[PDB]
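Q: If you scroll down you'll find the structure; I have some questions about it.
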Amino acid sequence: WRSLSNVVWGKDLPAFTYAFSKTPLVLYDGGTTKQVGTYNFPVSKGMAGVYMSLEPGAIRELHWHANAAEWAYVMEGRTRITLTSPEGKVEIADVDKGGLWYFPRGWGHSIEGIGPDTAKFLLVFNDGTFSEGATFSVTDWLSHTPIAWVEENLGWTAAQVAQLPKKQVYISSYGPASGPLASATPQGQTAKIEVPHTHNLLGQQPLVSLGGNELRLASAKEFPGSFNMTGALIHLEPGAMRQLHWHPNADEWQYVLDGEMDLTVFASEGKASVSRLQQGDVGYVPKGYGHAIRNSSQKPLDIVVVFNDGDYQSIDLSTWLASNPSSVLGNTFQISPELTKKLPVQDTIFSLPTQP
Amino acid sequence: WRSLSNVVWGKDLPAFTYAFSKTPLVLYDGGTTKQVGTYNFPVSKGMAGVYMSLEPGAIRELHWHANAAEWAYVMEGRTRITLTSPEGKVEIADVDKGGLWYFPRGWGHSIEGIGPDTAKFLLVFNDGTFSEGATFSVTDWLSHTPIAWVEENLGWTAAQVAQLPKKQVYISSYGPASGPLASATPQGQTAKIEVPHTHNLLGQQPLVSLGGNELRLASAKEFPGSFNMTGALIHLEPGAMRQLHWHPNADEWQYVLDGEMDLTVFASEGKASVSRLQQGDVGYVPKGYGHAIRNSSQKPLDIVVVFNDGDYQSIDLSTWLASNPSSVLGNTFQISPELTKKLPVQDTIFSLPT
Amino acid sequence: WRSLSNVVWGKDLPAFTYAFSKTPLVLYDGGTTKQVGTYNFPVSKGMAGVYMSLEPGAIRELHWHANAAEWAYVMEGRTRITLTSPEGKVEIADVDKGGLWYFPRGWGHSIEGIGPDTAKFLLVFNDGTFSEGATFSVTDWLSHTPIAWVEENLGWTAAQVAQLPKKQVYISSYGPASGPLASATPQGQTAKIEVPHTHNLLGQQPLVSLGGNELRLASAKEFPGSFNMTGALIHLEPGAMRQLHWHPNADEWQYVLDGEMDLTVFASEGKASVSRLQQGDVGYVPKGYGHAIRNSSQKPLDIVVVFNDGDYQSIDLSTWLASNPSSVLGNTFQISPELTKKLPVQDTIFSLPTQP
Ligand SMILES: [Mn+2]
Ligand SMILES: [Mn+2]
Ligand SMILES: [Mn+2]
Ligand SMILES: [Mn+2]
Ligand SMILES: [Mn+2]
Ligand SMILES: [Mn+2]
């Protein structure tokens, strides 16, 4: 990719992409998981991503993590989540392909895979160092508390408490698989969480559509419950791009659902990168960096991106230039008045490859 | 204390308690003081604690600290505070045994012991590195400003300025002791602070109480002036405990008013601790860590705990398990359907001895 | 300057002043510039300052910086700014001598000097590590993106792109200089920013006036656009001082507009400093530190000062001593009742010279 400056792409810059599709899965009993955060992807400071899969009847046990909020995109299949708030309120809900969930910092939750196939989902966390091996597990908790005290807390005999796990369980296919949603009632009288904490992203109408190119956006404006995180789906036709832009107020974490994605990134100071991502690869654009993404393949492209802010903010190059008077633009770009008037006058979000 | 996993208590973790009652006092003319923060209790990042006493007519001098808010519980005796806000408003007030005060970051204040006893109190600060040696003292200030400038600001002669203290006074019993409260009038016309910055804690009705065990809570709901911080009193009968829980949004700092406390802290990744606290000893429980406290002794237990958030938030293991369906629970704990049904169905905050 | 404690001024403290007047200017085509941040003035953590000048028709090119907000005071002459918000809204306005602007983090902007002489202004940033060499330049941007993508984004030929600059332009005088304000119209339909992002500071009625001494203040109350930054103008007569005070909620950055300033700073634990600043020199007071400033010269003094909070808070030694009862003051200062009653009973903010 030639550039007007001949910058050596990548030089003096952290990687902005990670070959996540090549990270080995860690295997569990009815589940798989891998993760990418600052520990292996140094640039990714504000967010970490976790791939996880659950089979039918496999649960990611009751756990919490106060150091991070959990935003989720279900890529395939069907899950059921439970979520319990600091106010004793609960949500028990199904989330399917294209659905989101948001677990506020430190709230207890679980995720179970419901049949017939395997649920596969992404979990993005608003803390770059987050690791699925440093969550707080209830099985770990109760097995690391004096037995007498657990007996007292539960009102149980030693023989009863003795049947609890002896260490963190993490993922379980011990059973039973959960029944129909309507029957999944709390064992004790419990007030329902009323602000929705799941949401349907994929089935939204596009916010923007231009010759096949599509953007669906879920910010606090459409998913108020995810109050400080936003996510979007972009669909890119062959040859098309998301125009050049930057986000004033957020980092952008990316994952390629299918296709091949070219991403370019401008730090300041004459430094910049460009590079390709395969299906299942990950990208990260730090707050304020200029960037753009192009589909250079023969096939369509789908990615999900996530921002660590509930208020989606974008300034496109075109919008920016369009807002300035000729004189300013001509002076900045040092170009003839004839060329000046040919700068962008409106902002179409995507840009098309040239027409037949 | 046996566990299911036979975990070695304390292995791979910092101390969650500090033998404060063994920390020596520093002595002043009319008061005494000691402190615990990250400098001697490394885990205590979110809060630091100071113990202080004031003889009658001794005063903690006018000072300020922009780097920390000051939240207080009066353990014994009676005090009088003054407090001056950025809008030139003042509160002059009494705080007795069981009373709170909150001094917003950088607002000026003073504390005096009124009669007829020794006032003893705890100051808790939302900054673990806070040090009583690092306050901005007005006596220190004027003695460290150029004489000429002090003359000008006060409109005083060299001989008048000459009589000010030569270095930080800190605590003084020079006098006079203070008059009745209705006579403690500002020397100049000064508007009064209207949102209360003191509060009565010990005197509240128990928020929750079961079989003699009681919890008194002062969050921003009951003490809005303390917008930033929350305080609580727990009284625990022999053999009883606060249930297993964690706090999603805050660190917990603890002091033992009287009795003996057993504290357990579980830190994740198979690590956990359990230990005893004598009276006057201090505990700290990092945000989000699971914990519980228990009275394992023949006498009663009384402690004050403080959170660095004004919105008290708790998830009790019981509420949590109660909120979940049979299947999820059974599958998680890998126990039988019959045992599953015997998991908590309600949360009584405390658990009684069986 | 003698003191009651005989403190060795400066000892165990960082410099609270910086000889900015003697920092070499970096020369551009019709513009000059120099800067002070933590890189050369270690104490200045919360705010960095930039001096800049533009000739008629010299523009500081279209750029942005998400890492910091921009508060400006115009010292001499006249400028025009443009500011584009995350919602494709624009303000295009003139800012003349004594006027402010505020550019929110990561909003895109530009500054042109308009006639007739040299525009001279201060830029204060709410990040003490900000450096004018690390902004995001639109020209740098476009010369560091794949050419084919610049083509597609702009709907332009390779021939047309070859005309754009080849590296960061920074300051341009290529022209044309901008025309009358009413003709400075955006090149494409752009809604206007409705909340004013400029403000007349020097033109304000003084907030406080005592025997020639005057403070003019622009917090969020008079300039709500500058939501988290405050600026003030202090005029100080020969012999006069700003009373001893501290700010509970903000650091203070100071620049000497003309005259000769004296700053004392008190830093806790028997440590304090005092020193002189010449015109063009810079002062910094960390939050909470006790301070006062005095004019010890035979002529007048003018400073601008900036705060990294939109809510102005000051507690004066006088307001404070005034609000306590005699017993408290007497006991604290260890002095006779007689003397106690002669402490301040009101607050005039300045103090007139008391030397006979
Ligand atoms: Mn989780
Ligand atoms: Mn983007
Ligand atoms: Mn204090
Ligand atoms: Mn607790
Ligand atoms: Mn700028
Ligand atoms: Mn000041």
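Q: Would you mind giving the three semi-axes, in whole Å and largest first, of the ellipsoid equivalent to segment C:252-349 according to its Cα gyration tensor? If you can, show how the numbers build up before the last one.
A: Working: eigenvalues 176, 49, 37 Å².
Each semi-axis is the square root of five times an eigenvalue, giving 30, 16, 14 Å.
Q: Within 10 Å of each Cβ in peptide C:308-317, how many partner chain Cβ atoms are there on average? Round it to a whole number, please.
A: Per-residue shielding by partner chains comes out at 3.
Q: Something else: Could you give me the radius of gyration and the Dmax of segment C:24-200, taking only the C-alpha atoms into account and expressing both in angstrom?
A: 16.5, 51
Q: Using a 10 Å cut-off on Cβ to Cβ distances, tally the other chain neighbours for every residue of A:235-248 and report the average as a whole number.
A: 3
Q: Size of the dipole of segment C:119-190 about the Cα centre, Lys and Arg at +1 and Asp and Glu at -1 on the beta carbon, nothing else charged, in debye to 20?
A: For this selection, approximately 220 debye.
Q: What's the ranking of B:44-50, C:106-112 by average number of surrounding C-beta atoms within 10 Å, highest first?
A: Highest to lowest by the protection proxy: C:106-112, B:44-50.
Q: Let's test the formula: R0 of 30 Å, r as the Cβ-Cβ distance of residue A:162 and residue B:341. What FRET efficiency results, to the nearest 0.05?
A: Taking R0 as 30 Å, the efficiency between residue A:162 and residue B:341 is 0.95.
Q: Still on this model: Over 10 Å intervals from 0, what percent of Cα-Cα pairs in chain B sits in each interval?
A: Each 10 Å bin holds this share of Cα pairs: 5, 22, 31, 21, 12, 6, 3, 1, 0.
Q: For segment C:97-158 and segment B:301-323, what is the separation of their C-alpha centers, rounded to whole Å?
A: Taking the Cα centre of segment B:301-323 as reference, the centre of segment C:97-158 is 50 Å away.
Q: Pairs to check: A:120/A:221; A:11/B:287; C:120/C:221; B:287/C:45; B:34/B:167; A:45/C:192. Give those whose C-alpha atoms are more than 31 Å from each other in this structure.
A: Correct reply: A:11/B:287; A:45/C:192.
Q: Over every pair of different alpha-carbon atoms in the protein assembly as shown, take the mean of 1/r and invert it; report that Kirkwood radius in Å.
A: Taking the inverse mean of 1/r over all distinct Cα pairs, the protein assembly as shown comes out at 32.3 Å.
Q: Let me confirm one metric for peptide B:332-338, namely the mean number of other chain beta-carbon atoms within 10 Å of its residues' beta-carbons.
A: Counting other chains' Cβ atoms within 10 Å and averaging over B:332-338 gives 6.
Q: Here is a follow-up. Please report Rg over Rh for segment B:62-117, where both radii come from the alpha carbon positions and Rh follows the Kirkwood definition.
A: Working: Rg = 11.4 Å, Rh = 11.6 Å.
Dividing the radius of gyration by the Kirkwood radius yields 0.98.
Q: Something else: What FRET efficiency would be calculated for the residue pair residue B:19, residue C:348, taking the C-beta separation as r and a Förster radius of 45 Å, to the nearest 0.05?
A: The pair residue B:19/residue C:348 has a calculated efficiency of 0.30.
Q: Need the full-extension length gain, residue B:195 to residue B:12, defined as separation in residues times 0.36 nm minus the C-alpha distance. One decimal, nm.
A: Result: 61.3 nm gained on full extension.
Q: Next up: Select from C:143, C:229, C:199 the residue farthest towards the positive end of the dipole of chain C; place +1 on Cβ of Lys and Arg, -1 on Cβ of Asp and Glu, and compute about the Cα centre.
A: C:229
Q: Taking Cα pairs under 8 Å and at least six residues apart, what relative contact order does segment B:24-200 come out at, in percent?
A: The value is 29 percent.
Q: Relative contact order for chain A: what percent, with Cα pairs under 8 Å and sequence separation of 6 or more?
A: 18 percent
Q: Rounded to the nearest 0.05, what FRET efficiency do residue C:334 and residue B:129 give with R0 = 22 Å and r taken as the Cβ-Cβ distance? Could you check?
A: About 0.15, to the nearest 0.05.
Q: In vacuo Debye scattering of segment A:195-290, one point per C-alpha: log10 I(q)/I(0) at q = 0.23 Å⁻¹?
A: -1.41
Q: Just grab the label-to-label distance for residue A:202 and residue C:40, each label 7 Å out from Cα along the Cβ direction, in nm (one decimal).
A: 5.7 nm
Q: Sort A:81-92, B:137-148 by the packing proxy (mean of other Cβ within 10 Å over each peptide's residues), most packed first.
A: Put in order of decreasing packing, that is B:137-148, A:81-92.
Q: Still on this structure, I have one more. Per residue Cα convex hull volume for segment C:202-249, in cubic angstrom?
A: 85 Å³
Q: Given charges of +1 on the Cβ of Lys and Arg and -1 on the Cβ of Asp and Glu, with all other atoms neutral, how large is the dipole of segment A:24-200 about its Cα centre, in debye to the nearest 20? Walk me through the intermediate numbers first.
A: Numbers: 12 positive and 17 negative charges, 52 e Å.
Computed about the Cα centre, the dipole is about 260 debye.
A short reminder: the numbers here are calculations on the coordinates, not readings from a lab. Don't worry about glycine lacking a Cβ; one is built from the backbone with ideal geometry, like all the others, and counts go over all protein chains shown.
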